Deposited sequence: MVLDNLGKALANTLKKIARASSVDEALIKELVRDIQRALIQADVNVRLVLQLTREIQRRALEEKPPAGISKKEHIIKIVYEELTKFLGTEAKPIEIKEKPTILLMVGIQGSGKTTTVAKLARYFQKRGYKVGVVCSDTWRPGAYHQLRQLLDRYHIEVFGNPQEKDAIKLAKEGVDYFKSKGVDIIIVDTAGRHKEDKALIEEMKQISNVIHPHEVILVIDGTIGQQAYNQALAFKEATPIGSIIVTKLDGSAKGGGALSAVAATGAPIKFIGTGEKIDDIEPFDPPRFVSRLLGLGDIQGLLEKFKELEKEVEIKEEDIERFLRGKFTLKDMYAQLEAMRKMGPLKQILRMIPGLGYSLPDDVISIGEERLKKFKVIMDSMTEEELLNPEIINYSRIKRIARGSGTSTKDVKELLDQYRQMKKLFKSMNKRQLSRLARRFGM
């Protein structure tokens, strides 16, 4: 849900960077291409993708990381910052200042407008506002009842009249009525049409002149991908007070293309629709959105990994109970150590452990599993095969025998 695949793909290019052995020009070129592929696949206009990834390439190649910041962390920064501007740079909230603050909603059939009208009403009501909705949708009068269905539970008033045929008349009667009732916010649901043709924009100019809304909000179906550009653009040109809600971002392969498309337009995206239910709407705040997108600041994720690790306890416990009965092997030790040195942030020491591994990599399975069998000629083979001395080998073995004695002789009443 919500750009979804695009998220994973973008985050992975950033992980790759974090994990990269070093930052050369080849790393960048791959990053840029990883991003082009992810973007294009989410239906982002090709020209837009080129422009963005050429800026990212450029900034990475020729920009010195500020003091105490690696080339690597600065790349992560460049990508985050470029993507954020690519989706509108910053939040542009809806201001509620005027008394009845009037929001006029426009959109074609199947944009998800009716539903979005309910979502927006509920968003505001949840936050202590009195809301009235006015249904002036004469194009599919079933909308009055659909709004009743979505909104009655919340006692949010829905003014309508499935038996009125003048669209502008309807919108004015409604606004005046709900305005009489004392509301803070009025949301006006206008008639859809099949496409966003001249008729539709003309009808919005007319309804807007008559009711004088605080804001006109075009609802765009985000599954149309980059085709949202021209729809947003025509709208943004027919109204000095326009904003956009983009719906159906959940699961859609193409929502990325819609957001980037609308943002290329200048028009402000204020909310996104996120599913079919009344609460499935979230305000759009580019830097925060792009941050969830890229998997940044994932402290929750880190905690899940810890928790998951801890639930492995009965397994670890039985491992240890095996050690207590002396069933402890060179493989078990190999691992104990391996974990110890991968724990920063009976201790061997980094170099000595690095040597210890090298020695065991020259042992056979049967030796790792039954050290007891490791006689002297074996030791001289192990030493020869690992490029170390028979001394080192007997050292490692001593360490093993030491740790083995420990476990074999343990309280049988503890917890590691």
Extract from the deposited sequence all ranges with no corresponding C-alpha coordinates, numbering residues from 1.
346 to 364, 436 to 443
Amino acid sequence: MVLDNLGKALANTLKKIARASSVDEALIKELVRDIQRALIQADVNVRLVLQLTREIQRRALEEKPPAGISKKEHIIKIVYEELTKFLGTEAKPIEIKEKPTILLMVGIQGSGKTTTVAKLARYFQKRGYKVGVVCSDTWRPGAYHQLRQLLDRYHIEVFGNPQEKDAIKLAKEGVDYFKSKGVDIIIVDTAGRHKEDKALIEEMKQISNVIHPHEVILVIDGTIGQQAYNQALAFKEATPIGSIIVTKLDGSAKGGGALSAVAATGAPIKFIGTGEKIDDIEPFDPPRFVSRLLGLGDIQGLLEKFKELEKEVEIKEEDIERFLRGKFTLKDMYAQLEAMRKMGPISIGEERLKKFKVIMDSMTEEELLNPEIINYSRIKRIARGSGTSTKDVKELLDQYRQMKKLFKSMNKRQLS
From here on, numbers count along this sequence of modelled residues.
Between 394 to 402 and 12 to 20, the record assigns the higher mean Cα B factor to 394 to 402
Select between 269 to 277 and 152 to 160 the stretch whose C-alpha atoms have the higher average B-factor in the entry.
152 to 160
Which one of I211, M105, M340, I186 shows the biggest C-alpha B-factor in the PDB entry?
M340
According to the Cα B-factor stored in this entry, which of the following is highest: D285, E95, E237, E304?
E304
Where does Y123 sit by CA temperature factor within its chain: lowest, middle or highest third?
lowest
Taking only the Cα B-factors deposited for this chain, tell me whether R54 sits in the lowest, middle or highest third.
middle
By the record's CA B-factor, is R47 among the lowest, middle or highest third of residues in the chain?
lowest
Chain-relative C-alpha B factor for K113 (record values, thirds): the lowest
Third of chain Cα B-factors occupied by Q36
middle
